[PDB]
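A.B. asks: Return a 3D structure for these sequence lines:
(2 chains)
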Protein chains: 2
Amino acid sequence: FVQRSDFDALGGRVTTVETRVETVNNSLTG
Amino acid sequence: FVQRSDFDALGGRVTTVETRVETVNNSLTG
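C.D. replies: Numbers count the residues shown, from 1 in each chain, chains lettered A, B, ... in the order given. Here you go:
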């Protein structure tokens, strides 16, 4: 199985990418 | 619960997307 810390660590990366995928789209649209 | 294989399988997708989100931004910025 997998520990809670590893799952929470991966959750931060997913949230961070969700911000960048929209910042990049907004930056280039400008 | 969830097995280690499924967590590691999802880890590859997150890493792959992290590369594409920057390649796409760099390709369009060029």
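
A.B. asks: When you work out contacts or count neighbours from here on, use the C-alpha atoms and nothing else.
C.D. replies: OK.

A.B. asks: residues contacting residue A:28?
C.D. replies: Each residue near residue A:28 by C-alpha atoms under 8 Å, 6 or more residues apart in numbering or on different chains is listed here: residue B:29.

A.B. asks: Okay, buried residues for whichever strand or helix holds it please.
C.D. replies: Taking DSSP states H and E as the definition, one finds residue A:28 inside helix A:4-29. Using 16 or more other C-alpha atoms under 10 Å in any protein chain shown as the test for burial, helix A:4-29 gives A:10, A:21, A:24.

A.B. asks: So which of those reach chain B?
C.D. replies: Applying C-alpha under 8 Å from any C-alpha of the partner chain to those, one finds that A:10, A:21, A:24 fall near chain B.

A.B. asks: ok, for the last one, nearest residue in space, not its chain neighbours?
C.D. replies: It stands for residue A:24. The spatially closest residue to residue A:24, leaving aside those adjacent along the chain, is residue B:25, at 6.5 Å (C-alpha to C-alpha, 6 or more residues apart in numbering or on different chains).

A.B. asks: do you know how far that neighbour is from residue A:5?
C.D. replies: Taken as C-alpha to C-alpha, to the nearest Å, the spacing of residue B:25 relative to residue A:5 amounts to 31 Å.

A.B. asks: next one: residue A:20
C.D. replies: Separation of residue A:20 from residue A:5 (C-alpha to C-alpha): 23 Å.

A.B. asks: how much space between residue A:30 and chain B?
C.D. replies: In this structure, residue A:30 and chain B are separated by 12 Å, where distance is defined by C-alpha to the nearest C-alpha, to the nearest Å.

A.B. asks: Then residue A:27?
C.D. replies: If you go by C-alpha to the nearest C-alpha, the gap between residue A:27 and chain B works out to 9 Å.

A.B. asks: what angle sits between the helix holding residue A:28 and helix B:4-29?
C.D. replies: Inter-element angle recorded for helix A:4-29 and helix B:4-29: 20 degrees (by axes from the mean of the first three to the mean of the last three C-alpha atoms, to 10 degrees).

A.B. asks: Off-centre distance for helix A:4-29?
C.D. replies: The offset between the C-alpha centroid of helix A:4-29 and the centroid of the whole chain comes to 2 Å, using C-alpha atoms, centre = their mean, to the nearest Å.
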